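To start, the structure itself, in structure tokens.
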Amino acid sequence: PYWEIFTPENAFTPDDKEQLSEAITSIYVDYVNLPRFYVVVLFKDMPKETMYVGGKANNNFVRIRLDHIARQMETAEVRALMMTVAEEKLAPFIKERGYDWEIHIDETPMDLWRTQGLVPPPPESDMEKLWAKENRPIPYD
Amino acid sequence: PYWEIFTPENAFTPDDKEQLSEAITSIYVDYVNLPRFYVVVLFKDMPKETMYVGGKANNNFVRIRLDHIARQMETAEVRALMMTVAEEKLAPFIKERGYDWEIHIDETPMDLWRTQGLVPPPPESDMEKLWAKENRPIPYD
Amino acid sequence: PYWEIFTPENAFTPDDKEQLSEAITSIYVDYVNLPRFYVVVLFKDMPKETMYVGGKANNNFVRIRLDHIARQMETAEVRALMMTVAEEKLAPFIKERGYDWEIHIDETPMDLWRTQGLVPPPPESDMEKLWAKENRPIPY
Ligand SMILES: [Mg+2]
């Protein structure tokens, strides 16, 4: 997963970002058994007067966009659950701190993706489980 | 709509950005009566020697990328019209100020999107018309 | 092609960025005769404690994402070749300098794309060849 989180400048401390990125990572570890290192979260500070909503600056706004590469979600129920779980992980840092926020996901081709130069193994394969156990990309054939 | 506009550092004043984001919002309001707050425009300043076109730094270049989430464009005619209107709104700020520029759009899944933790209502629904009237996301069932 | 390259602060000098974007550009020029100016590379410096991998800051990490707009890659072999050649161009600047790195591609619709306000010509068309030779969008 590839997460971008656009925030007001200095909204989050390093400890905040660690805790939030840990919560996001736990989504994929708990629900999909993904290797932890698949989960990338990029925090991007946005100065005042750079984020515009409906033609007006919103300096109290967190905008989230992510790509899902590793898996495709095939049912309405699973797709709704992903959005629900995402909101649960985010709420302590965003909603409950008074920010406005919005989030969307795109699904991108699994075969156009490399990590440390390696082709990630098939979903739910024994090799994927090994990558998850050691939490690193291990060369294989 | 989710717009990213990468510009040279200090290309636009806060007033420029408000006027441009307003022009962008008007595309969607005028043609379909979309809720205004669906339209997000993110301005990102890029310092010199960070944007490379054909292998050479171009410090006079505005690159625009957007996601369409709320609606799909189903005919060639509508898709061409969208690009035409986009160029019209952009021209006073970009082309006419001597910038080089390029723009593209991706369409992403409508059902993997939440605003203020809420599921946006169906297109052309009474609830969508209410969201547009109040220009706020209102909880519903 | 639309490339975003996220790096640790001050990882690359202007000369580094010039050479790397030239290498990336050579992919499309050499293999498909794409117009050079189609290839855009954006470098984004990321300060310490802004890139998190598996819940921990990785301050030694280069993340690459690109969109392919102009054409689609229709076979497994071509799609694999693209990733292989990309890794080859990147290695002298990233892998060989000791960074961790990751890359992925999305394919976006050809007909929702304009450059200098113009409709790009059809792939492999006579007009595309003129755009490539002059390396600029020629009204037509
Ligand atoms: Mg896409």
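By order of appearance in the structure tokens: chains A, B, ..., then residues from 1 within every chain, and ligands from 1 in the order shown.
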What residues have any atom no more than 7 Å from ligand 1 when counting only C-alpha atoms and all ligand atoms, and can you list them as a list in words?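 Taking only C-alpha atoms and all ligand atoms into account, the residues around ligand 1 at most 7 Å away are residues 106, 107 and 108 of chain A; 106, 107 and 108 of chain B; 106, 107 and 108 of chain C.
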Save out the residues we just selected, N, CA, C and O atoms, as a PDB file, in the first residue's frame.
```pdb
ATOM      1  N   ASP A 106      -7.044   4.301  -5.167  1.00  0.00           N
ATOM      2  CA  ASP A 106      -7.016   3.714  -6.506  1.00  0.00           C
ATOM      3  C   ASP A 106      -6.389   2.325  -6.444  1.00  0.00           C
ATOM      4  O   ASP A 106      -5.563   2.032  -5.574  1.00  0.00           O
ATOM      5  N   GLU A 107      -6.819   1.464  -7.360  1.00  0.00           N
ATOM      6  CA  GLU A 107      -6.256   0.121  -7.487  1.00  0.00           C
ATOM      7  C   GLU A 107      -5.398   0.086  -8.743  1.00  0.00           C
ATOM      8  O   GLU A 107      -5.880   0.421  -9.814  1.00  0.00           O
ATOM      9  N   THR A 108      -4.128  -0.283  -8.590  1.00  0.00           N
ATOM     10  CA  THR A 108      -3.161  -0.237  -9.700  1.00  0.00           C
ATOM     11  C   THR A 108      -2.618  -1.645  -9.982  1.00  0.00           C
ATOM     12  O   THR A 108      -2.714  -2.529  -9.125  1.00  0.00           O
TER      13      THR A 108
ATOM     14  N   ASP B 106      -7.100  10.721 -14.384  1.00  0.00           N
ATOM     15  CA  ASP B 106      -7.401   9.315 -14.138  1.00  0.00           C
ATOM     16  C   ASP B 106      -8.798   9.208 -13.536  1.00  0.00           C
ATOM     17  O   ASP B 106      -9.253  10.116 -12.853  1.00  0.00           O
ATOM     18  N   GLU B 107      -9.478   8.110 -13.821  1.00  0.00           N
ATOM     19  CA  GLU B 107     -10.772   7.838 -13.202  1.00  0.00           C
ATOM     20  C   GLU B 107     -10.562   6.728 -12.183  1.00  0.00           C
ATOM     21  O   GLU B 107      -9.981   5.683 -12.502  1.00  0.00           O
ATOM     22  N   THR B 108     -10.980   6.985 -10.942  1.00  0.00           N
ATOM     23  CA  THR B 108     -10.763   6.040  -9.848  1.00  0.00           C
ATOM     24  C   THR B 108     -12.123   5.580  -9.289  1.00  0.00           C
ATOM     25  O   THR B 108     -13.142   6.233  -9.516  1.00  0.00           O
TER      26      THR B 108
ATOM     27  N   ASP C 106       1.099   3.136 -12.727  1.00  0.00           N
ATOM     28  CA  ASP C 106      -0.307   3.038 -13.108  1.00  0.00           C
ATOM     29  C   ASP C 106      -0.483   3.408 -14.575  1.00  0.00           C
ATOM     30  O   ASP C 106       0.282   4.207 -15.115  1.00  0.00           O
ATOM     31  N   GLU C 107      -1.479   2.812 -15.222  1.00  0.00           N
ATOM     32  CA  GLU C 107      -1.814   3.166 -16.596  1.00  0.00           C
ATOM     33  C   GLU C 107      -3.116   3.954 -16.621  1.00  0.00           C
ATOM     34  O   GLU C 107      -4.139   3.484 -16.103  1.00  0.00           O
ATOM     35  N   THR C 108      -3.077   5.148 -17.208  1.00  0.00           N
ATOM     36  CA  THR C 108      -4.227   6.063 -17.197  1.00  0.00           C
ATOM     37  C   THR C 108      -4.713   6.309 -18.633  1.00  0.00           C
ATOM     38  O   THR C 108      -3.981   6.049 -19.593  1.00  0.00           O
TER      39      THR C 108
END
```
Given identical sequences, can you show me chain B least-squares superposed on chain A via all its Cα atoms in order, as an mmCIF file with C-alpha atoms, in the first residue's frame?
```cif
data_model
loop_
_atom_site.group_PDB
_atom_site.id
_atom_site.type_symbol
_atom_site.label_atom_id
_atom_site.label_comp_id
_atom_site.auth_asym_id
_atom_site.auth_seq_id
_atom_site.Cartn_x
_atom_site.Cartn_y
_atom_site.Cartn_z
ATOM 1 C CA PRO B 1 -0.272 0.022 0.062
ATOM 2 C CA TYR B 2 0.934 3.491 -0.907
ATOM 3 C CA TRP B 3 -0.521 6.224 1.318
ATOM 4 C CA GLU B 4 -0.135 9.991 0.868
ATOM 5 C CA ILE B 5 -1.250 12.205 3.697
ATOM 6 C CA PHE B 6 -1.356 15.936 3.018
ATOM 7 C CA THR B 7 -1.582 17.923 6.263
ATOM 8 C CA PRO B 8 -1.327 21.499 7.518
ATOM 9 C CA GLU B 9 2.295 22.434 8.359
ATOM 10 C CA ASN B 10 3.471 20.916 11.652
ATOM 11 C CA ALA B 11 0.149 19.178 12.304
ATOM 12 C CA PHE B 12 1.896 15.959 13.398
ATOM 13 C CA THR B 13 4.986 15.279 15.474
ATOM 14 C CA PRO B 14 7.369 12.463 14.485
ATOM 15 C CA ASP B 15 5.738 10.396 17.233
ATOM 16 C CA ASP B 16 2.242 11.114 15.803
ATOM 17 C CA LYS B 17 3.412 9.991 12.375
ATOM 18 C CA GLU B 18 4.956 6.801 13.737
ATOM 19 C CA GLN B 19 1.790 5.937 15.649
ATOM 20 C CA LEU B 20 -0.488 6.714 12.693
ATOM 21 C CA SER B 21 1.649 4.796 10.184
ATOM 22 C CA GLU B 22 1.636 1.881 12.646
ATOM 23 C CA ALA B 23 -2.165 2.000 12.873
ATOM 24 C CA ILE B 24 -2.348 2.028 9.078
ATOM 25 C CA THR B 25 0.033 -0.929 8.804
ATOM 26 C CA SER B 26 -2.149 -2.895 11.266
ATOM 27 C CA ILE B 27 -5.116 -2.790 8.838
ATOM 28 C CA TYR B 28 -3.231 -5.031 6.430
ATOM 29 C CA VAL B 29 -1.352 -7.172 8.959
ATOM 30 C CA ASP B 30 -4.460 -8.035 10.953
ATOM 31 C CA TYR B 31 -6.710 -8.965 8.041
ATOM 32 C CA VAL B 32 -4.319 -10.735 5.636
ATOM 33 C CA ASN B 33 -0.802 -11.040 7.220
ATOM 34 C CA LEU B 34 0.731 -8.793 4.567
ATOM 35 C CA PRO B 35 4.493 -8.146 4.872
ATOM 36 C CA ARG B 36 4.737 -4.974 6.967
ATOM 37 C CA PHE B 37 7.229 -3.245 4.679
ATOM 38 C CA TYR B 38 4.674 -3.261 1.793
ATOM 39 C CA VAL B 39 2.909 -0.439 3.677
ATOM 40 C CA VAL B 40 4.355 2.977 2.824
ATOM 41 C CA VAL B 41 2.965 6.209 4.313
ATOM 42 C CA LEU B 42 4.242 9.563 3.024
ATOM 43 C CA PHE B 43 3.484 12.671 5.071
ATOM 44 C CA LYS B 44 3.457 15.957 3.183
ATOM 45 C CA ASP B 45 3.206 19.260 4.992
ATOM 46 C CA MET B 46 1.242 21.921 3.123
ATOM 47 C CA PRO B 47 1.758 25.591 4.075
ATOM 48 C CA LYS B 48 -1.154 27.960 4.588
ATOM 49 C CA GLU B 49 -2.934 29.042 1.409
ATOM 50 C CA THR B 50 -1.963 25.944 -0.619
ATOM 51 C CA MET B 51 -4.999 23.659 -0.047
ATOM 52 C CA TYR B 52 -8.268 24.966 -1.556
ATOM 53 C CA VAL B 53 -11.643 23.346 -0.923
ATOM 54 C CA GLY B 54 -14.564 24.594 -2.999
ATOM 55 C CA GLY B 55 -12.506 27.590 -4.093
ATOM 56 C CA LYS B 56 -11.464 28.726 -0.620
ATOM 57 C CA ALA B 57 -8.273 28.009 1.312
ATOM 58 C CA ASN B 58 -8.813 25.442 4.043
ATOM 59 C CA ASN B 59 -5.838 25.479 6.395
ATOM 60 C CA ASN B 60 -7.496 22.882 8.638
ATOM 61 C CA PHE B 61 -7.779 20.095 6.071
ATOM 62 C CA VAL B 62 -6.137 16.661 5.774
ATOM 63 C CA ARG B 63 -6.396 15.012 2.349
ATOM 64 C CA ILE B 64 -5.537 11.316 2.033
ATOM 65 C CA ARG B 65 -4.964 9.402 -1.193
ATOM 66 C CA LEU B 66 -3.762 5.805 -1.530
ATOM 67 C CA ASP B 67 -2.916 3.176 -4.127
ATOM 68 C CA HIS B 68 -3.614 -0.491 -3.533
ATOM 69 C CA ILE B 69 -1.164 -2.566 -5.544
ATOM 70 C CA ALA B 70 -0.688 -5.946 -3.829
ATOM 71 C CA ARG B 71 -4.328 -7.109 -3.669
ATOM 72 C CA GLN B 72 -7.692 -6.373 -5.301
ATOM 73 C CA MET B 73 -10.920 -6.033 -3.339
ATOM 74 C CA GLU B 74 -13.524 -8.068 -5.213
ATOM 75 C CA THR B 75 -16.824 -7.669 -3.278
ATOM 76 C CA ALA B 76 -18.859 -4.636 -2.221
ATOM 77 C CA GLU B 77 -18.734 -5.970 1.357
ATOM 78 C CA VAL B 78 -14.912 -6.084 1.482
ATOM 79 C CA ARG B 79 -14.598 -2.667 -0.147
ATOM 80 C CA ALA B 80 -16.975 -1.107 2.397
ATOM 81 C CA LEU B 81 -15.113 -2.816 5.250
ATOM 82 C CA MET B 82 -11.781 -1.381 4.039
ATOM 83 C CA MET B 83 -13.157 2.185 4.171
ATOM 84 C CA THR B 84 -14.731 1.526 7.604
ATOM 85 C CA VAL B 85 -11.509 0.227 9.123
ATOM 86 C CA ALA B 86 -9.524 3.060 7.516
ATOM 87 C CA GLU B 87 -11.787 5.626 9.198
ATOM 88 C CA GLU B 88 -11.349 3.837 12.556
ATOM 89 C CA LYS B 89 -7.535 4.013 12.420
ATOM 90 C CA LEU B 90 -7.511 7.626 11.275
ATOM 91 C CA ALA B 91 -10.083 9.036 13.725
ATOM 92 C CA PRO B 92 -7.799 9.486 16.769
ATOM 93 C CA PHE B 93 -5.390 11.670 14.769
ATOM 94 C CA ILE B 94 -7.673 13.514 12.361
ATOM 95 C CA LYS B 95 -11.427 13.624 13.165
ATOM 96 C CA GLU B 96 -10.909 13.735 16.902
ATOM 97 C CA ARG B 97 -8.401 16.595 16.601
ATOM 98 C CA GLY B 98 -10.910 18.744 14.723
ATOM 99 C CA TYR B 99 -9.553 18.437 11.182
ATOM 100 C CA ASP B 100 -11.693 18.296 8.067
ATOM 101 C CA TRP B 101 -10.710 15.296 5.945
ATOM 102 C CA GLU B 102 -11.359 13.254 2.792
ATOM 103 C CA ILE B 103 -9.920 9.969 1.518
ATOM 104 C CA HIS B 104 -9.957 7.909 -1.654
ATOM 105 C CA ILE B 105 -8.323 4.773 -3.038
ATOM 106 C CA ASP B 106 -7.161 3.683 -6.466
ATOM 107 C CA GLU B 107 -6.306 0.116 -7.447
ATOM 108 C CA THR B 108 -3.237 -0.151 -9.681
ATOM 109 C CA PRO B 109 -1.733 -3.125 -11.608
ATOM 110 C CA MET B 110 -0.068 -5.694 -9.361
ATOM 111 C CA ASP B 111 2.436 -6.683 -12.065
ATOM 112 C CA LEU B 112 3.914 -3.170 -12.531
ATOM 113 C CA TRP B 113 5.531 -3.066 -9.095
ATOM 114 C CA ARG B 114 9.024 -3.895 -7.754
ATOM 115 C CA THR B 115 10.532 -3.578 -4.290
ATOM 116 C CA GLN B 116 14.284 -3.481 -3.847
ATOM 117 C CA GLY B 117 14.409 -4.500 -7.516
ATOM 118 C CA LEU B 118 12.460 -7.701 -6.790
ATOM 119 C CA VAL B 119 9.168 -9.167 -8.011
ATOM 120 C CA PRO B 120 6.869 -9.564 -4.993
ATOM 121 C CA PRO B 121 5.695 -13.183 -4.560
ATOM 122 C CA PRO B 122 2.140 -14.357 -5.206
ATOM 123 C CA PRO B 123 -0.551 -13.585 -2.604
ATOM 124 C CA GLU B 124 -0.814 -16.277 0.100
ATOM 125 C CA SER B 125 2.292 -18.046 -1.249
ATOM 126 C CA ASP B 126 4.901 -19.657 0.984
ATOM 127 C CA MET B 127 7.368 -17.035 -0.222
ATOM 128 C CA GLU B 128 4.983 -14.216 0.766
ATOM 129 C CA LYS B 129 4.690 -15.797 4.214
ATOM 130 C CA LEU B 130 8.505 -15.854 4.423
ATOM 131 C CA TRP B 131 8.766 -12.216 3.363
ATOM 132 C CA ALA B 132 6.234 -11.411 6.100
ATOM 133 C CA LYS B 133 8.090 -13.461 8.724
ATOM 134 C CA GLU B 134 11.424 -11.791 8.058
ATOM 135 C CA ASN B 135 9.862 -8.414 7.130
ATOM 136 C CA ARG B 136 12.318 -8.120 4.233
ATOM 137 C CA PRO B 137 12.312 -8.790 0.474
ATOM 138 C CA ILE B 138 14.313 -12.009 -0.093
ATOM 139 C CA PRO B 139 15.445 -12.973 -3.621
ATOM 140 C CA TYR B 140 13.847 -16.130 -4.991
ATOM 141 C CA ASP B 141 13.070 -17.798 -8.340
#
```
* Show which residues sit within 12 Å of range 77-88 of chain C, as a PyMOL selection string. Count only C-alpha atoms, and ignore same-chain residues fewer than 3 positions away. => (chain A and resi 109-119) or (chain C and resi 3+20-21+23-28+30-32+64-66+68+71-74+91-96+101-107)
Going by DSSP on the backbone, which bits of chain C are helix (DSSP H, G or I)? Write them as an mmCIF file with N, CA and C atoms, in the first residue's frame, please.
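Written output follows (part19.cif):
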```cif
data_model
loop_
_atom_site.group_PDB
_atom_site.id
_atom_site.type_symbol
_atom_site.label_atom_id
_atom_site.label_comp_id
_atom_site.auth_asym_id
_atom_site.auth_seq_id
_atom_site.Cartn_x
_atom_site.Cartn_y
_atom_site.Cartn_z
ATOM 1 N N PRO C 14 21.891 18.854 -8.599
ATOM 2 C CA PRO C 14 21.295 19.139 -9.905
ATOM 3 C C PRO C 14 21.885 18.279 -11.027
ATOM 4 N N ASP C 15 23.192 18.009 -10.985
ATOM 5 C CA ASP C 15 23.830 17.177 -12.000
ATOM 6 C C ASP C 15 23.323 15.737 -11.925
ATOM 7 N N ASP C 16 23.158 15.232 -10.706
ATOM 8 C CA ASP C 16 22.584 13.903 -10.490
ATOM 9 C C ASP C 16 21.199 13.810 -11.134
ATOM 10 N N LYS C 17 20.368 14.816 -10.869
ATOM 11 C CA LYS C 17 18.975 14.808 -11.315
ATOM 12 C C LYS C 17 18.916 14.904 -12.829
ATOM 13 N N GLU C 18 19.825 15.689 -13.399
ATOM 14 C CA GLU C 18 19.904 15.812 -14.837
ATOM 15 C C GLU C 18 20.254 14.461 -15.464
ATOM 16 N N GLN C 19 21.270 13.795 -14.923
ATOM 17 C CA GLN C 19 21.705 12.518 -15.476
ATOM 18 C C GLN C 19 20.642 11.428 -15.330
ATOM 19 N N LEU C 20 19.969 11.401 -14.186
ATOM 20 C CA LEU C 20 18.956 10.384 -13.944
ATOM 21 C C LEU C 20 17.737 10.616 -14.840
ATOM 22 N N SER C 21 17.289 11.860 -14.970
ATOM 23 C CA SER C 21 16.141 12.135 -15.831
ATOM 24 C C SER C 21 16.489 11.876 -17.308
ATOM 25 N N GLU C 22 17.748 12.089 -17.686
ATOM 26 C CA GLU C 22 18.201 11.749 -19.034
ATOM 27 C C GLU C 22 18.123 10.240 -19.253
ATOM 28 N N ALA C 23 18.574 9.482 -18.256
ATOM 29 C CA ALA C 23 18.515 8.025 -18.324
ATOM 30 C C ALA C 23 17.075 7.532 -18.435
ATOM 31 N N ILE C 24 16.181 8.108 -17.639
ATOM 32 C CA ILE C 24 14.776 7.726 -17.693
ATOM 33 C C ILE C 24 14.188 8.082 -19.061
ATOM 34 N N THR C 25 14.504 9.280 -19.545
ATOM 35 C CA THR C 25 14.007 9.738 -20.839
ATOM 36 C C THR C 25 14.489 8.809 -21.959
ATOM 37 N N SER C 26 15.710 8.298 -21.831
ATOM 38 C CA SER C 26 16.287 7.453 -22.880
ATOM 39 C C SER C 26 15.496 6.152 -23.024
ATOM 40 N N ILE C 27 14.834 5.713 -21.953
ATOM 41 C CA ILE C 27 13.978 4.533 -22.034
ATOM 42 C C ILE C 27 12.957 4.669 -23.154
ATOM 43 N N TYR C 28 12.264 5.797 -23.174
ATOM 44 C CA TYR C 28 11.133 5.953 -24.075
ATOM 45 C C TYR C 28 11.582 6.400 -25.462
ATOM 46 N N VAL C 29 12.636 7.191 -25.506
ATOM 47 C CA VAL C 29 13.185 7.627 -26.787
ATOM 48 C C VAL C 29 13.738 6.434 -27.551
ATOM 49 N N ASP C 30 14.566 5.649 -26.878
ATOM 50 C CA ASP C 30 15.283 4.562 -27.543
ATOM 51 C C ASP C 30 14.386 3.365 -27.895
ATOM 52 N N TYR C 31 13.485 2.981 -26.995
ATOM 53 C CA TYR C 31 12.709 1.757 -27.200
ATOM 54 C C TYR C 31 11.410 1.954 -28.000
ATOM 55 N N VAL C 32 10.803 3.144 -27.961
ATOM 56 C CA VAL C 32 9.521 3.347 -28.652
ATOM 57 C C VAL C 32 9.473 4.625 -29.526
ATOM 58 N N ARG C 36 10.749 13.258 -26.772
ATOM 59 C CA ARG C 36 11.474 13.440 -25.513
ATOM 60 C C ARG C 36 10.659 14.230 -24.505
ATOM 61 N N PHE C 37 10.015 15.293 -24.969
ATOM 62 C CA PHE C 37 9.348 16.206 -24.050
ATOM 63 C C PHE C 37 8.100 15.585 -23.416
ATOM 64 N N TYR C 38 7.687 14.398 -23.862
ATOM 65 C CA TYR C 38 6.597 13.685 -23.172
ATOM 66 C C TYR C 38 7.025 13.242 -21.779
ATOM 67 N N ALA C 76 2.791 -9.665 -21.226
ATOM 68 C CA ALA C 76 3.569 -9.893 -20.017
ATOM 69 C C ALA C 76 5.043 -9.598 -20.238
ATOM 70 N N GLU C 77 5.553 -9.956 -21.413
ATOM 71 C CA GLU C 77 6.968 -9.761 -21.716
ATOM 72 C C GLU C 77 7.344 -8.282 -21.761
ATOM 73 N N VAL C 78 6.513 -7.474 -22.408
ATOM 74 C CA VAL C 78 6.806 -6.049 -22.520
ATOM 75 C C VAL C 78 6.698 -5.377 -21.149
ATOM 76 N N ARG C 79 5.701 -5.780 -20.366
ATOM 77 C CA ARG C 79 5.500 -5.212 -19.038
ATOM 78 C C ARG C 79 6.691 -5.546 -18.138
ATOM 79 N N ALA C 80 7.197 -6.773 -18.236
ATOM 80 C CA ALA C 80 8.386 -7.168 -17.482
ATOM 81 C C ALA C 80 9.647 -6.427 -17.963
ATOM 82 N N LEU C 81 9.764 -6.218 -19.267
ATOM 83 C CA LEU C 81 10.925 -5.515 -19.815
ATOM 84 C C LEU C 81 10.974 -4.078 -19.304
ATOM 85 N N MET C 82 9.816 -3.424 -19.250
ATOM 86 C CA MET C 82 9.736 -2.054 -18.741
ATOM 87 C C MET C 82 10.296 -1.951 -17.326
ATOM 88 N N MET C 83 9.870 -2.854 -16.447
ATOM 89 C CA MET C 83 10.331 -2.836 -15.061
ATOM 90 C C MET C 83 11.834 -3.123 -14.980
ATOM 91 N N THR C 84 12.304 -4.075 -15.777
ATOM 92 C CA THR C 84 13.726 -4.422 -15.826
ATOM 93 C C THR C 84 14.604 -3.249 -16.289
ATOM 94 N N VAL C 85 14.202 -2.589 -17.368
ATOM 95 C CA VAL C 85 14.964 -1.460 -17.882
ATOM 96 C C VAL C 85 14.929 -0.288 -16.895
ATOM 97 N N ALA C 86 13.781 -0.058 -16.264
ATOM 98 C CA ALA C 86 13.692 0.980 -15.247
ATOM 99 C C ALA C 86 14.715 0.746 -14.128
ATOM 100 N N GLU C 87 14.806 -0.490 -13.637
ATOM 101 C CA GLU C 87 15.740 -0.817 -12.567
ATOM 102 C C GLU C 87 17.184 -0.580 -13.005
ATOM 103 N N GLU C 88 17.470 -0.891 -14.266
ATOM 104 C CA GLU C 88 18.808 -0.687 -14.823
ATOM 105 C C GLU C 88 19.197 0.787 -14.827
ATOM 106 N N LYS C 89 18.264 1.657 -15.207
ATOM 107 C CA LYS C 89 18.560 3.089 -15.275
ATOM 108 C C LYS C 89 18.729 3.691 -13.888
ATOM 109 N N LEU C 90 17.990 3.160 -12.917
ATOM 110 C CA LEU C 90 17.982 3.711 -11.569
ATOM 111 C C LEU C 90 19.193 3.301 -10.730
ATOM 112 N N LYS C 95 20.210 2.157 -5.929
ATOM 113 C CA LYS C 95 20.724 0.883 -5.417
ATOM 114 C C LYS C 95 22.213 0.958 -5.064
ATOM 115 N N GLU C 96 23.017 1.476 -5.982
ATOM 116 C CA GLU C 96 24.464 1.456 -5.801
ATOM 117 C C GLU C 96 24.960 2.523 -4.822
ATOM 118 N N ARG C 97 24.075 3.418 -4.402
ATOM 119 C CA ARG C 97 24.423 4.398 -3.383
ATOM 120 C C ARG C 97 23.899 3.974 -2.005
ATOM 121 N N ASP C 126 2.418 9.524 -38.462
ATOM 122 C CA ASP C 126 3.396 10.379 -39.124
ATOM 123 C C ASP C 126 3.570 11.680 -38.335
ATOM 124 N N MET C 127 2.475 12.190 -37.777
ATOM 125 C CA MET C 127 2.527 13.424 -36.990
ATOM 126 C C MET C 127 3.310 13.218 -35.692
ATOM 127 N N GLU C 128 3.169 12.052 -35.058
ATOM 128 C CA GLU C 128 3.949 11.785 -33.851
ATOM 129 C C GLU C 128 5.452 11.834 -34.174
ATOM 130 N N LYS C 129 5.838 11.327 -35.346
ATOM 131 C CA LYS C 129 7.242 11.320 -35.747
ATOM 132 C C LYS C 129 7.768 12.737 -35.934
ATOM 133 N N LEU C 130 6.906 13.638 -36.405
ATOM 134 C CA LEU C 130 7.281 15.044 -36.547
ATOM 135 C C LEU C 130 7.410 15.698 -35.173
ATOM 136 N N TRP C 131 6.455 15.429 -34.282
ATOM 137 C CA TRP C 131 6.561 15.907 -32.908
ATOM 138 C C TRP C 131 7.867 15.436 -32.260
ATOM 139 N N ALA C 132 8.290 14.211 -32.565
ATOM 140 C CA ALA C 132 9.516 13.669 -31.984
ATOM 141 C C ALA C 132 10.765 14.330 -32.578
ATOM 142 N N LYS C 133 10.756 14.554 -33.885
ATOM 143 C CA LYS C 133 11.913 15.132 -34.566
ATOM 144 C C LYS C 133 12.141 16.579 -34.130
ATOM 145 N N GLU C 134 11.063 17.356 -34.025
ATOM 146 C CA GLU C 134 11.172 18.736 -33.559
ATOM 147 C C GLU C 134 11.197 18.836 -32.029
#
```
| task | Please run DSSP on the backbone and report, as a ChimeraX atom specification, all residues within range 22-101 of chain B that come out as strand (DSSP E or B). | result | /B:40-46,51-53,56-57,61-68,100-101
Fill in: Atomic separation - CA of residue 12 in chain C relative to CA of residue 33 in chain C, Å
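Computing the Euclidean distance for CA of residue 33 in chain C and CA of residue 12 in chain C yields 28.0 Å.
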CA of residue 45 in chain C to CA of residue 6 in chain C measures 6.0 Å
**Study point:** Distance criterion (only C-alpha atoms): nearest to chain A out of C:9, C:49, C:4, C:111
**Key:**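 Closest candidate: C:49.
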*C:113, C:140, C:61, C:52: which is nearest chain A, counting only C-alpha atoms?*
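Nearest candidate to chain A out of C:113, C:140, C:61, C:52: C:52.
The coordinates place CA of residue 59 in chain C at 7.8 Å from CA of residue 47 in chain C.
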